[PDB]
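Every chain is numbered from 1, with letters handed out A, B, ... down the list of sequences. Computed from heavy atoms alone, side chains included, the values below leave out hydrogens, waters and symmetry copies.
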Amino acid sequence: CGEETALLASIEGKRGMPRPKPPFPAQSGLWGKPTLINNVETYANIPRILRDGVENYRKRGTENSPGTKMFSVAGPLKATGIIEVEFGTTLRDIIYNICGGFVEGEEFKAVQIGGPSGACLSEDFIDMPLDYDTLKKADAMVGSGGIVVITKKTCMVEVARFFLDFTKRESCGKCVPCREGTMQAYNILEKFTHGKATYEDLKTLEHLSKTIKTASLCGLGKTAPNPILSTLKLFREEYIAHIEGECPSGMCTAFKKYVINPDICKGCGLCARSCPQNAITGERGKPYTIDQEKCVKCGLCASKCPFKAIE
Amino acid sequence: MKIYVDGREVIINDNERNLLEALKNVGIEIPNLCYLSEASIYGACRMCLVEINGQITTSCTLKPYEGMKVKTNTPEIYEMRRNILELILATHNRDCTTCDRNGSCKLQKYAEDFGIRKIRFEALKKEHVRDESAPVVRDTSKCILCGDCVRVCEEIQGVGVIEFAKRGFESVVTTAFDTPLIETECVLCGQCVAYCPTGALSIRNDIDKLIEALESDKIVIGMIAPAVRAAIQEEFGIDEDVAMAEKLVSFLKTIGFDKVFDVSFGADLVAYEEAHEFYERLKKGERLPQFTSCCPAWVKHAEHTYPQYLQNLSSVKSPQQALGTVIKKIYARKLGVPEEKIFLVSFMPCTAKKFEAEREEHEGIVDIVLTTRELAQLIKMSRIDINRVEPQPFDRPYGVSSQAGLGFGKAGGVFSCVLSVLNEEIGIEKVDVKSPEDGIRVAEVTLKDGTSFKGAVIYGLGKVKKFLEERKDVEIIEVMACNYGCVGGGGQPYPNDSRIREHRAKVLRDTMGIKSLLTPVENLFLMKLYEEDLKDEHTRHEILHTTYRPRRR
Amino acid sequence: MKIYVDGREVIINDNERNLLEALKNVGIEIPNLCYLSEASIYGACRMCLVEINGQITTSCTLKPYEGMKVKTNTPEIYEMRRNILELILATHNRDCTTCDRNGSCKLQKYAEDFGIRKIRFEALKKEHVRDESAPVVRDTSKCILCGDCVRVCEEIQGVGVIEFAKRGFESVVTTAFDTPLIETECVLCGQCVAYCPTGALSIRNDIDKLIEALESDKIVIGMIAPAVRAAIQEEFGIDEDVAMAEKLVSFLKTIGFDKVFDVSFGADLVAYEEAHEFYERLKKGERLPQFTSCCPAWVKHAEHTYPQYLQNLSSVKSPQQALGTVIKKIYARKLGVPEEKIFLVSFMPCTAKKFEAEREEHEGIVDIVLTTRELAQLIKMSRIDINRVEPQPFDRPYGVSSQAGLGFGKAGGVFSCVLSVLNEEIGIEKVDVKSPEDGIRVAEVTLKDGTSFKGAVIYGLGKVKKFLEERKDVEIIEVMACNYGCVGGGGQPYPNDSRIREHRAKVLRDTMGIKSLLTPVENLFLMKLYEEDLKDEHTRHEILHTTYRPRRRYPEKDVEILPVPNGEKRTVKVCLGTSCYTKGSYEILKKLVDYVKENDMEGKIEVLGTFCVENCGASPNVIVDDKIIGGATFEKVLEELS
Ligand SMILES: Cc1cc2nc3c(=O)[nH]c(=O)nc-3n(C[C@H](O)[C@H](O)[C@H](O)COP(=O)(O)O)c2cc1C
Ligand code: SF4
Ligand code: SF4
Ligand code: SF4
Ligand code: SF4
Ligand code: SF4
Ligand code: SF4
Ligand code: SF4
Ligand code: SF4
Ligand code: SF4
Ligand code: SF4
Ligand code: SF4
Ligand code: FES
Ligand code: FES
Ligand code: FES
Ligand SMILES: [Zn+2]
């Protein structure tokens with residue numbers, strides 16, 4: 001319903017289904033009449049501009065992004081809440097001077113600036129002025145105004161999976177690309193977080209992300225793979241680690257658990273060879289049970305199992 | 001308009017809504033899954049992608065201009081198109097052998113053409129809805145969510161019993177609260193089936209029952225609707241035969257039908273009775289306007305929507321039920337055989353006739369109803385060249401009919417035949433036919449002795465609401481649920497669009513042109529039936545008259 | 001003869017084998033699932049039931065007779081036919097969207113016509129086989145057990161690698177012991193696929209690789225086989241069309257191909273090289289008779305069956321490999337681009353070319369091979385009318401070829417090209433051609449100087465055995481695995497019977513006729529290639545020549561009891577033969593199994609069962625680390641395991 005056409009449809013009492021935009025809402029919106037749609041912050045800005053002068057209003061900001069922007073900063077930080085910063089303020093300033101750094105035991109890994117339709121940023125982009133034009137040539141954007149900091153204890157594959165789950169739930173189901181591809185990409189990510197992925201799955205995810213971005217009818221689908229693309233470009237190594245092992249950050253394996261699948265276990269050896277804790281003690285020929293009392297969750301069992309059954 | 005497609009000269013029309021249709025008109029085709037029927041809209045498939053000014057976009061929502069360059073086929077577009085098609089196929093119920101669109105499915109043809117021999121997209125599980133309660137069968141596992149059925153039901157038929165529910169991956173076209181169709185206000189017109197591009201909307205197939213009956217010791221008796229003979233030629237991909245009904249009679253005899261009758265005889269009978277009762281109502285002036293009751297879909301719609309007009313409905317049952325009642329209650333007696341020994345088979349162009357045959361009022365008269373598609377399947381099973389079959393007439397005494405009787409197959413048939421009967425009994429001075437809009441025709445009819453009256457012909461459910469609200473000065477209203485009448489019925493061969501229905505109507509008109517008998521009164525067998533079995537009023541009511549009851553949830 | 005069909009007078013024919021064929025000749029069709037290809041027989045479908053004298057019987061096994069009253073349609077026959085079709089469809093893998101016969105399947109058309117909309121019978125489960133290890137893909141869940149592929153492989157191809165196995169509900173057409181087709185003696189001719197009426201046998205589709213390559217930054221280079229242009233028009237249902245190859249070039253360039261070449265140029269080059277090699281062999285009278293190596297199916301067949309003739313095979317590689325090697329090794333240098341940047345796509349009518357491109361001696365030259373059907377799918381995806389596409393010529397310098405080079409597409413093409421090359425080099429006084437059999441032609445050729453030889457052209461594998469056994473008076477033999485040559489290849493459009501193959505040969509002959517230059521030397525580009533790049537013999541040998549190795553199955557297939565998939569182990573094998581079983585061996589096996597049950601926590605020990613090791617009379621035998629013990633027992637194998 002944040003889509004302009006969907007918003008107008010939902011105001012009329014119908015399903016918030018977006019539609020192609022030959023007749024832009026400005027020329028014909030509600031019941032075909034010209035309609036002006038703007039965000040809350042823009043309407044709030046209007047009276048401030050009128051009260052001040054153009055030069056007075058432009059005295060703060062950037063030559064192309066004058067004024068200020070209100071952000072809601074979340075994540076583990078000493079002080080989290082609504083902030084208002086002049087355009088051009090870097091993310092380091094917001095995260096360390098206006099939020100007072102992180103709580104003890106938390107480091108900086110990434111930050112999300114526009115939610116599902118936003119982008120993932122790392123320590124290389126943290127020191128960059130927040131400007132509408134600057135972020136476009138950075139694979140990013142200022143976004144709606146939501147900022148969430150990501151610590152070193154969270155898995156980025158899990159972040160992408162969470163965003164794709166949200167988008168898959170919120171898809172209106174009108175066009176094939178968004179409706180079907182978001183579900184398929186979420187399934188691929190769900191496999192990734194469970195150690196069932198493969199390089200072929202990664203290639204499928206990349207190509208499907210491109211297809212969803214290019215072919216989706218409206219903005220929701222077009223930006224649906226934005227978390228996937230950003231997180232891939234910045235943490236391909238984490239993706240690989242999930243492919244050929246376990247979660248580097250431990251988030252996936254922290255609350256998960258390894259179980260031997262007896263349906264496809266013929267009781268061969270191995271397992272114990274690498275397991276430092278020897279949590280197998282199986283019966284030869286039959287499925288080898290995994291003793292969970294002393295399972296540090298290292299993930300070496302799955303790394304080498306000819307008949308992949310380390311579930 | 002000078003545009004370049006794949007680096008060459010292309011001349012398109014000046015004013016085109018979108019580049020896709022311009023290219024189509026000129027001759028260039030772009031794969032897509034949006035243009036699927038007459039009630040189709042663009043923007044959902046997203047398969048018409050083209051390269052404009054270095055950016056990929058859909059050609060169905062792109063306005064053409066002068067000198068534009070479009071790359072219609074590029075490797076990026078190739079990958080996107082195959083990805084979209086495989087996304088569709090991953091969740092689709094890929095069992096074409098038991099599908100009603102097998103052989104005429106666009107998705108099947110694209111899967112064949114795109115070389116999709118596997119799906120790397122895992123088959124996700126969807127809460128699919130399968131329904132078998134009504135002659136119109138639902139199966140959401142074959143649905144591509146094009147929305148054509150919803151538009152057909154709402155905009156065209158005016159019922160709107162099926163709509164998009166839920167959202168996202170769980171998007172489904174269903175009834176309110178997944179209610180079975182037979183329990184909703186669906187009139188079973190089958191137009192959604194006529195427009196569905198997949199097997200998600202199908203007609204219940206009853207060939208097994210027919211074969212079981214033919215194998216039994218029962219006297220199997222068939223009757224062919226007037227509009228079936230004007231469309232069966234399309235299933236065989238051959239030219240219309242004005243003598244197709246006789247060939248169907250011959251073929252049905254070859255497969256073990258004891259008797260084959262013409263439902264046009266029942267149409268003559270119904271028109272005679274209905275004209276008599278309408279003139280009686282005119283005389284006294286009670287229960288007006290009179291509504292025809294030969295369309296079961298319209299009858300059910302009136303029961304659901306117009307409980308105040310049930311007394312206004314004509315008490316005469318539809319030609320199918322009238323002829324079936326006559327058969328099983330008179331012909332069986334004259335054959336010295338019990339009624340239960342007869343298996344009456346009806347070959348109809350309509351899915352609502354299946355519902356009518358199963359109604360409590362007519363239960364046990366028509367044992368089974370088969371559509372034109374089902375008769376075509378019967379003919380295809382035997383592999384007999386129907387074009388080379390030697391025609392033979394219909395069996396007596398219900399094998400002949402007049403032009404007016406055979407005219408029931410198209411909209412305006414029962415009204416025309418009623419006017420024929422009236423003019424035969426009480427002459428007609430003049431008829432001033434008027435055409436307020438595409439699907440409505442109002443005619444001023446003046447009789448030799450008395451005043452005049454206006455009769456209205458409305459084909460296509462949905463126009464009835466506006467007409468009845470706006471108009472309050474017509475004495476007789478004839479309502480057909482399907483556009484063009486029964487030639488566009490939901491049981492007709494697929495695809496059936498406006499052009500196909502007009503062609504079928506033309507074929508039916510040509511078939512009517514060769515009939516010597518012009519009015520039901522001339523029908524000698526019909527008059528014999530009235531003067532031998534239906535002599536008394538009581539038997540006439542108990543054999544030809546039915547009743548209606550309101551429908552509510 | 002006069003017969004009565006459904007009560008009407010019908011005149012069938014004078015002499016006929018059965019009622020079904022006679023009525024079909026008349027034009028009266030009875031539904032059936034037996035006549036499905038040229039290798040079909042009658043009696044299995046049981047769907048042709050007709051009624052005569054009261055009793056129902058199959059019309060395919062019914063000899064017609066004068067004035068016979070036959071009813072081909074009765075309610076009982078409808079019931080039986082629908083029951084049979086429902087039985088077939090109950091256990092059939094009904095996924096037509098991903099099937100290779102979608103839109104050209106008789107079973108699918110019958111399911112449509114018979115109005116089968118639900119399965120009254122149970123879709124019972126079978127031990128189906130899904131072999132995808134070879135360009136020919138097997139999926140027995142779509143098999144209707146018609147047996148056409150078995151007859152094609154045995155009677156027509158002479159290999160017999162696929163046969164009926166088991167019986168009853170478990171009847172299955174498969175290889176011996178369910179061995180992957182890639183590991184059997186299969187030559188991958190694809191004829192079984194060409195005759196298969198369902199999707200059970202199909203070709204491995206590699207369109208995805210081509211699309212991802214085109215989407216990449218690599219330079220994609222295409223080369224089209226001579227016989228691809230002679231049959232592609234069938235997929236679109238249009239008439240023969242000379243200049244098909246040039247509009248194919250236009251379409252391929254439209255979809256992003258940087259260069260498109262003609263494999264006929266490679267055919268000319270191969271013919272030149274092989275003519276010179278054969279002349280050297282003749283002048284030396286050694287390594288004769290000579291066999292053409294242009295057909296990879298025949299090459300693999302020889303490696304499997306004639307290890308003694310591998311020295312007689314032409315050293316020259318096939319036109320596909322020759323042209324691809326020339327491209328990758330010379331054209332890349334001329335263009336100043338690394339070989340890794342070039343992506344080479346081959347459009348062939350053959351499934352064995354997929355195997356050839358993946359051979360070890362040809363590694364990395366041809367990136368992907370696409371059959372005629374895959375190219376037709378590429379065209380159909382775009383939805384452009386190829387008939388309306390304006391043709392443009394092939395790309396230089398490998399775009400032109402002589403009529404002889406384009407003749408490679410049908411049987412006798414390479415022999416005729418070699419003859420033309422020799423004639424130009426040293427005239428030919430005369431040629432006498434005989435036809436001992438249908439698919440065998442023998443030519444007696446006299447050269448101007450006076451030395452003469454004999455050459456035979458054999459198309460259709462399976463005719464080679466008798467010819468090689470009885471004829472020993474030839475010096476050069478052309479062998480094509482498929483009937484009519486490559487116009488009837490495995491990857492050609494379906495159906496692929498003899499009439500369409502003859503029409504394809506006629507189309508290719510018409511295409512040949514409009515070519516100006518007649519012999520390979522008249523090809524200026526080929527002579528320039530020799531003068532600039534292949535000037536010396538060393539480069540020519542490394543570019544255009546290959547070596548062949550014998551093929552022999554290496555089956556160990558020992559009984560598995562407690563196997564270990566991988567890793568260093570002991571692989572103890574216990575003999576399970578009668579002599580060994582007569583005393584101990586089974587007891588020893590039980591004791592060892594229980595030992596690894598209590599000990600051997602990891603996969604250090606691998607307990608195997610093996611058949612007689614030809615050491616009988618020396619007590620029970622227990623193989624350890626592939627070593628013979630004799631008089632083995634639990635302690636004697638434990639000591640060795642220590
Ligand atoms: C999925 C989606 C959600 C959106 N949600 C909002 C929203 O919540 N509030 C908003 O102001 N704009 C939202 N937008 C942006 C609108 O589509 C549109 O750009 C808006 O009219 C811009 O208003 P503005 O010029 O005042 O920023 C959303 C867009 C998309 C694609
Ligand atoms: S992209 Fe998603 S939200 Fe937008 S129209 Fe398509 S399905 Fe609906
Ligand atoms: S390695 Fe795999 S197959 Fe072998 S015992 Fe462990 S889980 Fe089972
Ligand atoms: S995950 Fe690591 S610690 Fe746990 S059972 Fe496997 S090898 Fe042992
Ligand atoms: S709609 Fe029916 S015929 Fe078409 S693809 Fe789906 S199952 Fe096959
Ligand atoms: S049969 Fe007619 S009323 Fe019923 S759902 Fe279909 S279109 Fe609507
Ligand atoms: S049921 Fe048929 S017409 Fe309706 S949305 Fe699904 S595919 Fe389209
Ligand atoms: S108009 Fe004819 S075909 Fe349509 S619902 Fe009524 S009776 Fe059936
Ligand atoms: S062989 Fe293929 S196309 Fe034919 S019925 Fe089976 S799945 Fe369908
Ligand atoms: S490809 Fe040829 S050799 Fe191989 S199984 Fe088929 S017919 Fe036999
Ligand atoms: S694999 Fe094909 S040709 Fe062989 S028996 Fe089965 S259906 Fe017949
Ligand atoms: S004859 Fe031609 S098509 Fe057949 S296997 Fe040999 S090269 Fe391939
Ligand atoms: S034609 Fe379907 S989205 Fe363009
Ligand atoms: S044709 Fe198949 S058994 Fe007679
Ligand atoms: S039985 Fe064991 S060696 Fe022969
Ligand atoms: Zn993780």
Heavy-atom distance under 4.5 Å to chain B: side chain of [X], backbone, both or neither?
X: C:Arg120; answer: side chain
X: C:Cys99; answer: backbone
X: C:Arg82; answer: side chain

How about [atom1] on [X], more than 12 heavy atoms from neighbouring residues, nucleotides or ligands closer than 6.0 Å, or not?
X: C:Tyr35; atom1: OH; value: no
X: C:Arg388; atom1: CZ; value: no
X: B:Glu9; atom1: CD; value: no
X: C:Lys71; atom1: NZ; value: no

(message) Report which part of B:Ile207 has an atom under 4.5 Å of a heavy atom belonging to chain C: side chain, backbone, both, or neither.
(response) side chain

(request) Counting only heavy atoms closer than 4.5 Å, note whether B:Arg373 contacts chain C via side chain, backbone, both or neither. (result) neither

Nearest 0.5 Å please: distance from the [atom1] atom of [X] over to the [atom2] atom of [Y].
X: C:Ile28; Y: B:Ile384; atom1: CD1; atom2: CD1; value: 9.5 Å
X: B:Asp208; Y: C:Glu79; atom1: CG; atom2: CD; value: 8.0 Å
X: B:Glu132; Y: C:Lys118; atom1: CD; atom2: NZ; value: 10.0 Å
X: C:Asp6; Y: B:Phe251; atom1: CG; atom2: CZ; value: 10.5 Å
X: B:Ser382; Y: C:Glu29; atom1: OG; atom2: CD; value: 11.0 Å
X: B:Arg8; Y: C:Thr254; atom1: CZ; atom2: OG1; value: 8.5 Å

Heavy-atom pair count under 4.5 Å with chain B, highest-scoring of [options]:
options: C:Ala111, C:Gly256, C:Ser104; result: C:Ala111
options: C:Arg101, C:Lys380, C:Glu215; result: C:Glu215
options: C:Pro75, C:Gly7, C:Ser202; result: C:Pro75
options: C:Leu378, C:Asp385, C:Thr74; result: C:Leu378

(request) Take C:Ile119 and B:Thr98, measure what side chain to side chain contact (heavy atoms under 4.5 Å, CB included) needs, and give me the verdict at the end. (result) CA-CA 8 Å; C:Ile119 311 298; B:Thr98 57; 3.5 Å; yes

(request) Kindly write out the residues that satisfy salt bridge (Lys or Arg N to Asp or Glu O under 4.0 Å) with B:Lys209, not counting sequence neighbours, or none if the list is empty. (result) B:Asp206

(request) Give a yes or no answer on whether the side chain of B:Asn205 reaches the backbone of C:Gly115 with a donor-acceptor pair at less than 3.5 Å. (result) yes

(message) Donor-acceptor check, side chain of B:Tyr78 to backbone of C:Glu212, threshold 3.5 angstrom: yes or no?
(response) no

(request) Go through the steps to decide whether C:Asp113 and B:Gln377 satisfy the test side chain to side chain contact (heavy atoms under 4.5 Å, CB included), and finish with yes or no. (result) CA-CA 5 Å; C:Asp113 290 14; B:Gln377 293 179 356; over 6 Å; no

I want to check something: taking the side chain as every heavy atom from C-beta on, are [X] and [Y] in contact at a cut-off of under 4.5 Å?
X: C:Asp100; Y: B:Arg117; result: yes
X: B:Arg81; Y: C:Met381; result: no
X: C:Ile30; Y: B:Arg383; result: no

(request) Select all residues of residues 84-96 of chain B having any heavy atom within less than 4.5 Å of some heavy atom of chain C, and report them by number, or 'none'. (result) B:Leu89, B:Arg94, B:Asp95, B:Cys96

(message) Show, in sequence, the C-alpha distance, side-chain angles and deciding distance for C:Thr97 and B:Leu107, and conclude whether the side chain to side chain contact (heavy atoms under 4.5 Å, CB included) test is met.
(response) CA-CA 8 Å; C:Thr97 61; B:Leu107 179 71; 5.8 Å; no

